[PDB]
Every structure is written in structure tokens, then in C-alpha cells.
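Take a look at the structure set out below.
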């Protein structure tokens with residue numbers, strides 16, 4: 015007496031296999047807002063009551079990355095609160111079951127694997143492997 | 337982080353850094369026409 | 063409970079039906095905290111209008 | 081020519097006479113007269129048909145006159161900016177021509193090389209509104225193709241050099257409210 | 057199944073409380089209209105309270121005025137209000153009123169509801185003593201000794217002229233030319249706890265304040281100097297800066313710096 | 046040295062802790078027996094601080110664009126929902142700091158809508174404003190392009206039927222029992238089930254007199270003009286019987302045997318009324334005529350005037366050699382006018398009980414009420430616009446600034462009228478709770494005594 | 067109500083993985099309003115939310131749409 019043997023139960027078992035879009039939305043740093051730290055360690059000048067332009071600040075600044083912002087700059091002392099986002103931006107942006115081609119084969123060597131950034135190393139082309147191994151006359 | 341660079345670095349009167357034999361102490365002046373849009377977080381955050 | 067407090071008596075009369083405009087204003091699905099009556103009104107004096115709940119419209123459709 | 085009276089808080093008004101470059105730049109300069117001359121008036125009351133049929137109701141809406149405006153952004157040693165009919169904080173631009181206007185000939189042909197010059201205040205060249213600014217620092221080379229120089233203050237420079245010396249409160253605003261009491265034409 | 061207007065509900069939540077269990081909606085805490093701003097020490101004084109009264113009242117602080125209000129309210133009640141009919145102080149063997157005025161609890165739970173009682177207090181304490189004037193919609197909830205105290209303690213806190221940060225000139229040029237300047241941006245580094253005010257304040261159901269890496273940061277203007285590592289950690293670093301600064305004063309820095317380039321030239 | 050005996054600082058204040066260790070509190074240790082004072086004592090509130098928002102009004106338009114969008118628009122509403130509290134918010138917005146609340150303009154718009162919001166309340170409009178900007182009685186039958194043809198919702202074309210059926214009746218010569226003149230603030234004053242207007246087609250209003258009204262009837266009465274003349278006689282309230290009662294001393298509560306000196310002055314009123322031409326002594330506590338009662342208030346507060354005329358050994362002399370303060374009875378009646386209809390939703394309804402003779406306000410049909418408001422706002426304008434003491438008196442909220450401008454002695458007067466009104470309420474409230482008969486014993490005996 | 071990119075108006079044609087369970091239940095189930103009439107989908111050919119004309123404006127009571 016089940017119900018709904020009809021076509022809608024014949025599509026909804028075939029069209030839903032379509033793989034939705036994946037965007038590695040990395041975690042939002044709610045409590046530690048990173049962009050409100052551009053104002054940390056800023057000499058307020060007693061004329062305009064605004065932050066003086068410190069030329070040193072930008073050197074003790076640790077650009078914490080972001081998705082909606084290129085690279086938010088934060089002073090060095092407050093760098094460690096963002097330890098997860100610097101581990102999520104360096105990450106590769108897909109569940110590593112999709113990029114398992116790199117981790118088990120002999121691509122274990124031909125790839126940067128620092129904190130799961132499965133990005134190819136440098137690799138000479140074949141025009142160069144012989145350009146570098148004939149010029150040596152090897 | 338001062339406007340007195342060129343006149344100071346020549347006060348030393350460098351002549352060597354153990355291999356250098358410094359050839360010229362010219363001043364770059366790369367602050368020329370720097371837009372406030374280079375230090376303003378309200379702007380630089382709009383570009384970035 | 064509002065006549066007894068303000069008048070010192072039992073009401074001793076037939077209570078008006080059709081709740082006064084302005085009563086049960088935070089309630090949303092009254093229908094029980096009432097008779098099946100409609101949500102009374104706003105606290106206004108505009109002529110009574112049925113708040114066309116999905117129910118009232120169905121009765122029109124009957 | 082045109083005037084403008086400046087009230088620095090509890091201090092009296094003072095005439096600031098602007099010689100508008102009505103010749104080279106017509107649009108942005110005639111935008112100044114219509115804004116100073118008190119040219120757009122719309123007095124209404126709700127009872128007598130103010131609300132019912134007309135549906136104009138645009139008199140609860142930025143009024144397009146410099147009357148009772150402010151002088152908000154004052155950069156000491158640099159300039160004195162002021163005049164906005166939309167937001168008290170200095171943001172937003174209003175004009176005779178809607179929200180704003182760009183005039184291609186009138187923006188490229190600008191040169192800010194005199195003191196006391198009077199230009200427009202832009203968020204970008206495509207945007208010119210009621211916001212003017214009176215240049216106090218003598219030369220302005222970085223302001224060449226940005227905005228329009230539609231006139232200069234002809235006298236009464238005492239105030240634009242007395243406004244500039246008014247202290248900034250915490251808010252980046254002058255410590256005491258500089259108000260534009262009443263404007264007009266000369 | 058909810059009942060809004062249920063005389064429980066803490067009176068802030070009558071929509072958010074449909075969700076939450078029967079066991080948790082009575083306790084949901086009072087927070088704010090979420091648009092009510094803190095009482096602000098702005099300068100807007102009631103239209104006609106005036107000075108002399110303001111100059112006197114403003115002298116009293118908001119515990120110097122809450123205290124006065126409690127005494128007056130116990131005096132307004134147990135006055136015309138109580139002596140007029142009931143009695144509010146326990147009597148002895150013969151029937152003499154042991155204590156002078158009521159006990160502080162009876163006043164706390166006392167509810168100025170009946171119009172005859174509210175007008176008997178509001179013209180005397182909030183209009184008479186304080187020369188404040190309450191709106192109609194606030195006169196509704198202005199019916200308790202607890203609320204009478206707060207209504208005053210907002211409209212008198214919005215009266216103290218906002219403290220005027222005015223500095224002289226002769227001292228101003230000191231803090232400018234002085235070598236050691238303040239960094240002064242740290243307040244933002246502080247971690248944000250922004251969320252629904254109820255879910256943020258339900259957690260502080262008890263002294264969850266200093267607990268689990270939280271801290272009620274009240275801006276501190278002076279620091280204890282004893283045992284304060286981060287204070288001695290720099291008062292020596294400072295005394296190591298005044299000592300290095302001594303060279304540049306005399307000129308042994310320039311020498312000891314000019315001795316490097318003559319060590320680093322002939323090599 | 047710094048003494049320390051150990052077992053002193055716990056590192057946590059001794060409340061939040063067990064001997065050592067901070068203790069846990071989780072809304073399950075707590076009972077529901079606290080938090081049960083809420084049934085009478087209301088929870089704490091955040092009273093917003095009153096602001097004259099001129100600090101937010103740095104320029105002009107933002108100040109005159111909330112005059113309408115926020116102040117006036119709260120009157121069009123209150124001129125629609127409850128026109129009696131339309132004097133309450135006029136106080137609410139002026140206690141909050143606004144300027145022109147009692148200005149000669151806000152009133153002459155408040156009275157404008159109050160006058161007309163009636164004739165589009167009987168038309169069937171349920172919301173006075175269509176959108177943020179315009180009124181719903183100005184939605185023209187095109188999208189917005191029609192001249193004046195009002196977009197008549199089904200509710201209206203059933204409100205315009207009940208009006209037309211009331212016309213045909215008095216066009217047949219019968220009594221036009223208009224349905225919505227039994228409609229008051231509680232709904233049908235007759236205690237009947239309210240007839241809701243988008244009336245079902247299986248519950249058509251039936252009058253056993255053979256009156257025909259249908260859709261073919263009201264569709265031509267589209268625009269605003271051809272109803273203000275056709276149903277003129279019903280949408281318009283009547284202002285005649287209320288024309289001047291607010292400009293007249295009436296104290297519905299106060300009785301002849303009620304005065305601040307409860308006997309001394311009324312002993313004079315009995316003394317003048319036995320040695321009199323047409324003499325009548327007072328035992329009947331029945332209320333004397335209104336205007337002679339306010340005389341004693343003008344003759345009982347000031348021990349100046351208590352003796353100033355007590356010397357007078359004749360009837361009309363006391364009753365008429367005091368017209369000089371009878372020139373003061375309006376400046377006090379302007380006070381007992383404001384402060385009465387001002388503060389609470391209740392003070393106003395109790396006020397109209399005295400003056401316009403509403404026995405119960407809650408049952409007087411809206412036609413009778415909107416009039417009294419229209420006849421009350423029509424005399425707020427008189428006070429604000431005609432005489433100079435009217436403005437400041439309106440903008441005065443406390444007594445301290447109230448006493449100053451207008452008659453200091455005139456304020457001595459009615460603050461013993463109000464104190465006498467409220468003390469009459471003291472008689473009712475404390476009247477209930479003074480009969481004590483309880484005990485362990487007599488509460489037992491009061492059963493059998495209750496048995497027969 | 068599909069909507070045009072430029073149009074500030076917001077429509078409920080989402081395609082987030084959290085919102086497709088209800089966007090199908092509109093196209094195949096349809097809505098049975100508590101007033102007795104079946105809404106958005108009442109018959110045979112299930113609508114194509116992505117080929118709807120764009121949402122032009124919120125409905126008003128007096129007229130149809132502002």
C-alpha cells in the first residue's frame with residue numbers, strides 16, 4: 015500500500031545523484047575578528063586624534079588570509095589566535111578523498127604535502143631534462 | 337623611519353663593509369606622491 | 063475576574079460575546095483560548111472585519 | 081559672485097563671498113547658485129491635501145539647499161570642506177541633477193593651484209553633489225583630474241582660515257559646530 | 057501550546073520563548089529591546105527640572121540617589137499610602153509599632169498598582185522630589201519600588217554633562233615632545249562575544265564570568281606595581297632604556313658606533 | 046610586616062564557592078517558587094532615556110521628515126484606533142522632548158483626521174495608512190492613475206451596504222437603525238455577537254422590513270464625494286450636545302459633602318442655606334449643581350478666601366461677591382482638563398465620564414464618542430491658540446514649572462480639587478479593605494451565620 | 067520566486083544543499099493551503115522554477131503587487 019511508485023519517484027532516484035557544488039567555506043573567526051586589528055598598536059596623534067602612520071607596524075604585521083579578503087594584516091603579537099585559519103588556507107580546498115591520487119602513489123614525492131596542500135612541486139619538462147643532462151655530457 | 341636618512345648615512349662616511357668599498361650613497365625618495373590610499377586601512381581594505 | 067476586582071461584585075449579567083477589541087493580541091492561533099471565535103481585533107474602533115485566517119476563507123469556499 | 085554666512089557655534093555669522101567660475105564650468109557652478117540662492121522651495125502641510133492626492137511628499141526628503149547646513153570635514157593646514165544636504169556626517173551627495181552628475185569637459189580641465197580655491201567634493205569623478213570644499217593649503221597638485229574647481233572665495237578668507245583653526249573633537253569633526261546660517265547671491 | 061501574555065516569560069521574550077522547554081523559558085534572562093542603548097551619561101536634562109535642582113541632584117551619585125530613593129519610597133509607602141488604611145510594621149504586646157518604618161522586604165515586594173496609589177507616589181517622589189516626569193507607556197511598568205528606582209536612575213544618569221575631555225596647552229606640549237608614547241589600540245584585540253543577547257546571557261546564568269578564558273574587562277587606568285611581572289618586566293626595560301639613553305646624551309654611543317665602522321673598514 | 050593566618054583569601058569570593066572550588070549553578074538547583082512573584086510584581090524594565098533628538102537633527106529635513114513619518118503618523122493612527130487617547134501621546138511626545146506637539150498645527154491636523162477618520166472608519170477602512178507614505182482612503186481604482194474612484198474592498202462594499210440600508214429606512218420613513226451605531230469600544234454595546242463585515246453569503250443581514258441592498262446598489266458610490274453627501278447624515282458625528290462642557294466646572298466624582306475642610310465651609314453652605322430666601326438645609330448628600338460646587342473649592346483651599354467671605358452674612362454675597370475668582374475658574378479648568386485626560390489610558394476614560402455624561406465609556410457608541418473627542422480637541426485648540434497661558438501650560442509637566450506661569454494661587458486651587466477627587470477614590474479602595482472580622486474562632490462561627 | 071541578479075528583491079528559489087529538499091517539495095508535492103485550494107502546483111506538469119519570469123515585487127493587499 016506503499017505510495018508514489020510513479021515517475022517522481024523515478025526521477026528523484028536518478029537526478030539526486032547529481033553532485034552539488036562544493037566550496038570549501040572555511041571556518042569563520044567570529045570571536046576574533048581579524049580585520050578589526052588593523053587598529054592595534056597605533057600611535058594616536060594628539061592633533062587629528064587618529065592613528066599615526068606607523069611605518070614599522072606593517073613589518074610586525076602577520077597577514078592572516080581570508081576568503082572575502084585577500085590577506086587581512088594583524089600585528090605579530092596577535093597572530094596565534096588565528097592558528098586554524100592559517101592551517102585552513104594552506105590546506106587544499108577539497109576533501110582529500112578526491113585528491114587521494116597524490117597521497118598513495120609515487121606522487122608522495124612529487125608533491126608538496128605540507129599541511130595538506132597537495133600542490134605539485136617544481137618539475138622540469140622533457141625539453142629540459144635533456145637540456146640539463148646533455149649540457150653536462152652525462 | 338625618519339626624514340634624516342641621506343644626511344645621516346653619510347655622517348658615518350662609509351668606505352667599506354669588509355668587502356664593500358661603497359660606490360654611491362644616492363637617495364631613492366620612493367615616498368614621492370604616495371597616495372594616502374597606501375596607508376589608509378579603510379581604503380587598502382577596499383582594494384584587498 | 064475584571065468586573066469582580068473593579069466593582070466588588072459578581073458580574074451577575076450576561077457577559078458580552080465577541081471579545082473586546084484589543085484582547086488576545088499576542089496570541090496567534092487562539093481558536094482554544096477563546097471559543098472558535100476569531101482573534102478579536104486590534105485595539106481599534108474600525109468596523110469589525112474577519113481576519114481572513116486560512117480557516118475563514120475555507121468557510122467562504124463552502 | 082555669491083555669499084555665505086558662517087556661524088562657528090556661538091559666534092556670529094560672517095559673509096564668505098564666492099566668485100564662481102561661471103564662465104569655464106557652467107554646470108557645477110550653476111549647481112552652486114541654485115543651491116545657495118535658495119531656489120527649490122516646497123512648503124506643505126499634511127492636512128490640506130498635502131498627503132491625499134498629490135503623493136508628492138518629496139518635502140520629507142533631502143531639500144536641495146545649503147540653508148542650515150554644516151561644515152563637517154575640516155583638515156587643518158589643508159582645506160575646509162562642508163555643505164551637504166543628505167547626511168550630517170559628511171556622506172552622500174545631492175544636486176540639481178538628481179543624485180549626482182559627471183561633466184567630462186569640466187573634470188579633466190581642472191587645476192588646483194591657487195589658495196582659497198573652491199572645488200567639489202567627490203567620492204569619485206563620476207559623482208559631484210552639493211559637497212564643496214574650500215582649499216586652504218596653497219597648492220594641490222594631487223587634485224588635478226579628480227574634481228571640479230568651479231570658483232574661488234573672493235574675500236572673507238578670515239573665516240575659512242578661522243574655521244581651519246577650530247579644534248577637532250574625538251569624532252574627526254570640529255569641536256564646535258560650524259553652521260551655515262543663511263546663503264544667497266551676489 | 058505557548059501562552060504569551062502569561063505573566064511569566066520575563067517580559068522580554070514572548071516570541072523566542074515559544075521555543076525553549078517549559079523548564080527553561082521562565083529563566084530566560086532579561087536583556088534589552090536589542091535597540092535600547094546603555095543609559096548614556098549624555099547632557100539632556102528634563103525640560104523643566106532646571107539647575108539649582110540639577111546642581112544639587114547631580115551632586116548625588118547613582119548610589120547616593122538610589123539610597124535616597126529607597127528611604128523616600130519606604131517613607132511614601134507607610135505614609136499617606138499605608139497610614140491611610142492598612143498597617144505595615146509589626147506591633148508589640150500592647151500593640152505598639154515596634155519598628156519605626158516597614159522592613160526592607162515588605163517594601164521590595166510592594167506593588168504600586170491601583171491608580172490611587174501610583175498617583176499618590178508619582179506626584180510626590182518622581183514628580184515632587186526629583187522633578188522628573190514619566191511618559192504614559194512607562195507609567196505602566198513604573199509600579200514597583202524596584203522600577204521606580206531604575207526609572208530615576210536612567211533619567212538622572214542621562215543628565216550628568218558628558219565628562220568634557222578638555223586639556224590645556226602648556227601641558228599638552230609635554231606629552232607631545234615626551235619620548236615615550238602609548239601604543240593604544242589594544243581594546244580591539246579583545247575577543248568579541250556577539251550573538252543573541254539572551255543566548256549570550258543565559259550562559260552567564262551563574263558566575264560563568266571569569267570562567268573558561270573569559271574576563272569582564274573593565275578599563276583600568278592604574279596598575280598595581282607589586283608582583284606585577286609585566287610591570288616589572290618593563291620598568292627594568294625602561295631603566296635599561298634610560299641607561300642606553302645616557303650614552304646618546306654624553307656621546308659614547310656615537311663613539312661605540314663609530315668604532316664599528318672602523319672595525320668594519322680595514323678588514 | 047603583613048600578618049596572615051592562612052585560610053584567608055579563598056581566591057574566589059566566598060559566595061561563588063564551596064570551602065574551596067567554585068560551585069555549579071544550573072537552573073535546576075533553582076526552584077520555580079522564586080520567579081513566582083511575577084504574577085503581581087512585574088519584571089525589571091529598561092526605561093529608555095528621553096531624547097529631544099535635535100542632536101540627531103543636524104539639519105532641517107531630517108527634523109521635519111519625522112514630524113510626519115513619526116509624530117503625525119502616530120496621530121493619524123491614534124485618530125483612527127482610539128481617538129480618546131489622542132491627547133495622551135500629545136503628552137507622550139512632549140514629555141519625550143519634542144517641540145511642536147501642542148503647536149497650533151499638530152492639533153489642527155489631529156482634529157482634521159479625527160473629524161474625517163470617522164467617515165472613512167464607517168466606510169470600512171481597517172488601516173488608516175496604505176503604505177509608509179499615503180493613506181488607504183486615497184487608493185484610486187486604477188493602479189494609482191484613476192481620478193477619485195476609491196478602491197473599495199469587499200469589506201467596504203459591505204460597510205456601504207449597511208449605510209445604504211440605513212438610508213433607505215429613513216427614506217421609507219422608518220427609524221434608521223444603523224448597525225454601526227450600536228458599535229462601541231467593546232463591540233456591540235447590546236452584548237450581541239459582533240457581525241463581522243465581509244459577511245458570508247449564507248449569513249446575509251436580514252431586516253424583516255423588506256429593505257433591498259446589494260452589489261448593484263453600492264458600486265456607483267465609488268469616489269469620496271458621492272458618499273459624503275449621500276450618507277452625510279450618518280458618517281458625520283454630531284457636535285451640538287457637547288459644544289461647551291469642557292469649558293465648564295464639572296466634577297462627576299466630587300459630592301456636596303466632600304471638601305478639603307469636610308465641615309467648616311459646608312457649615313457655611315448650610316448657614317447660608319437656612320437664613321436664605323429659598324432656604325434649604327443639607328442632609329441629602331445629593332450633588333448640588335455643578336458651578337456652585339466649584340465655588341467652595343475657590344473658597345476652601347485659601348484660608349485667605351475662606352475667611353475673606355466667611356464674614357459675609359448673606360446668601361448670594363458669598364455666592365456672587367466672588368466672581369473675581371470666577372474669572373479664575375477657567376485657568377484651573379484648563380488644568381483639570383489637561384492632567385485629567387493625559388496620563389493613563391484610564392484617567393481619560395474616567396474623565397469623559399464626568400463631562401460628556403458617558404455613564405459607562407465602554408458602551409457608548411463611537412458616534413457619541415468621536416464627537417466628544419472632536420468637541421474636546423476643538424477646545425484644546427482654543428486653549429493653545431487663543432490665550433497665551435495655554436501654550437506654556439500644555440508644555441508644563443511637573444507642578445514646579447506649572448505653578449510659575451499661570452496663577453500660582455490658581456494652582457493652590459485645583460491641587461485641592463484633584464487631591465479631593467483622588468481622596469474620594471481613597472474612600473472606595475480603602476473602603477473595601479477595612480472590614481476585619483477574621484480570627485481562628487469567628488471564622489468558624491461565620492460558617493453557621495452564613496448558613497442562615 | 068526566481069529573481070533577477072540586479073533586482074534587490076529576494077526570492078526563495080535557493081539551490082543550496084540545505085534548501086533543495088523544500089524546493090522539490092514545491093515542484094512535485096505542491097502546497098495544500100489550509101483554505102482548501104491547492105497552491106503553486108496543483109496538476110500535472112510540474113513547474114520549472116528556473117524558467118519562471120523574475121519576481122517583480124511583493125504583493126499588496128489593496129492592489130495586487132507593489
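Protein chains in written order, with full-length UniProt numbering: chain R, 15 to 152; chain C, 337 to 384; chain W, 63 to 124; chain E, 81 to 266; chain P, 57 to 323; chain V, 46 to 497; chain X, 67 to 132.
For every residue, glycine included, the Cβ atom is placed at its ideal position computed from N, Cα and C.
Paired residues, beta bridge with residue i - DSSP
i, result
"residue 220(E)", "192(E)"
"residue 171(P)", "Paired residue(s): none; residue 171(P) is not in a bridge."
"residue 69(V)", "Answer by DSSP bridge pairing: none, since residue 69(V) is not bridged."
"residue 32(R)", "Partner(s): none; residue 32(R) has no beta bridge."
"residue 230(P)", "DSSP lists no partner for residue 230(P)."
"residue 98(X)", "104(X)"
"residue 47(V)", "DSSP output for residue 47(V) lists no bridge partner at all."
"residue 85(R)", "79(R)"
"residue 79(E)", "One cannot answer for residue 79(E) here, as it falls past the ends of chain E, which runs 81 to 266."
"residue 99(E)", "232(E)"
"residue 147(P)", "153(P)"
Where residue i sits in the DSSP three-state scheme
i, result
"residue 85(E)", "strand"
"residue 175(E)", "strand"
"residue 78(P)", "coil"
"residue 265(P)", "coil"
"residue 381(V)", "helix"
"residue 214(E)", "strand"
"residue 459(V)", "helix"
"residue 50(R)", "helix"
"residue 174(V)", "strand"
"residue 253(E)", "coil"
"residue 229(V)", "strand"
"residue 276(P)", "coil"
Residue range of the unbroken alpha helix (DSSP H) whose run includes residue i
i, result
"residue 521(V)", "There is simply no residue 521(V) to check, as chain V begins at 46 and stops at 497 in what is shown."
"residue 260(V)", "260 to 263"
"residue 494(V)", "487 to 496"
"residue 64(E)", "As displayed, chain E neither begins before 81 nor continues past 266, which places residue 64(E) out of reach and without an answer."
"residue 326(P)", "Residue 326(P) falls outside the range modelled here, since chain P spans only 57 to 323, and no answer is possible."
"residue 24(R)", "22 to 25"
"residue 498(V)", "The requested residue 498(V) does not occur in the structure, where chain V is confined to residues 46 to 497."
CB-CB length for residue i against residue j, believed under 8 Å
i, j, result
"residue 199(E)", "residue 223(E)", "7 Å"
"residue 342(V)", "residue 448(V)", "Wrong, their Cβ atoms sit about 17 Å apart, outside the cutoff."
"residue 142(V)", "residue 96(V)", "6 Å"
"residue 97(E)", "residue 235(E)", "5 Å"
"residue 374(V)", "residue 339(V)", "6 Å"
Where the beta strand (DSSP E) containing residue i begins and where it ends
i, result
"residue 161(E)", "159 to 162"
"residue 231(E)", "231 to 233"
"residue 198(E)", "197 to 200"
"residue 208(P)", "Looking at the DSSP string, residue 208(P) is not in any beta strand (DSSP E); the run it does join, the alpha helix (DSSP H), is 201 to 211."
"residue 261(E)", "258 to 263"
Check whether residue i and residue j have beta carbons under 8 Å apart
i, j, result
"residue 471(V)", "residue 252(P)", "no"
"residue 214(V)", "residue 220(V)", "yes"
"residue 263(V)", "residue 209(V)", "yes"
Contact set between residue i and chain D, taken where Cβ atoms lie within less than 7 Å
i, result
"residue 371(C)", "Considering every chain present, this structure includes no chain D. Its protein chains are R, C, W, E, P, V and X."
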